[PDB]
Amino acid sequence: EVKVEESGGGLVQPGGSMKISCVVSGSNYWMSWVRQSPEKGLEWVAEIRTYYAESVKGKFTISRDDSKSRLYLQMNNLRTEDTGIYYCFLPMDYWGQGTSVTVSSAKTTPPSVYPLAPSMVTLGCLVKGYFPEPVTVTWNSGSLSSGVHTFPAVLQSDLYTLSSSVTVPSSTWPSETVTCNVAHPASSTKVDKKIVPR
């Protein structure tokens, strides 16, 4: 089984620099980087067999260690338009997970996590006033995945807010504990917020 694992990424201000990478498991292989944003869709940027999209020539350097099966993309002097989710893509069959890259004058800000309490009961968590995306939300460390809705974050006044709802039988809350687990890696935040009845 071929697997493409990628990492690095994060936030920098315009002008900043970042090296991302991925490793293939499972010599004979071309590797490319494709970035995704809502405003430009999927955009191929660079490939090593090196070739670079016109928009990032002189800013990006794609490279590989054939030993380690570990290809890198060095992203120097980054621009706000370089913001997006970057995929390792082995043309044409395999994609990585995607690492987020944010270039913005706005600085890292951790979330405030707030519990939302009132047959079936709905509860939720409010993850407010953070930067940059992403945060991840879990309920009871994964035990509740069915009946969870985590909404897309929305940027307002240079901070993101998201919310998540979970619906469970009334016979399971508050008699049993319900907890939203929130992580925001950019700020080394991890919180486990109990939903207590009011």
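One-based numbering along the sequence shown.
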- Message: If I compare the deposited sequence with the modelled residues, how many are absent between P118 and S119: none, 1 to 3, 4 to 9, or 10 or more?
- Response: 4 to 9
- Query: Deposited residues absent from the coordinates between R49 and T50, none, 1 to 3, 4 to 9, or 10 or more?
  - Reply: 4 to 9
- Note on the structure: When mean C-alpha B-factors in the record are compared for 76 to 84 and 90 to 98, the larger belongs to 90 to 98
- Message: Per the record, averaged over C-alpha atoms, which has the higher B-factor: 55 to 63 or 40 to 48?
- Response: 55 to 63
- Item | Residue with maximal Cα B-factor (values as given in the PDB entry) among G129, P152, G142, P132 | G142
- Task: Between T167, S32, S163, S157, let me know which has the highest C-alpha B-factor in the entry?
- Result: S157
- Split the chain's modelled residues into thirds by Cα B-factor; is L71 in the lowest, middle or highest one? highest
- Query: What third of the chain, by the recorded C-alpha B-factor, contains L11?
  - Reply: lowest
- Query: Split the chain's modelled residues into thirds by Cα B-factor; is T177 in the lowest, middle or highest one?
  - Reply: middle
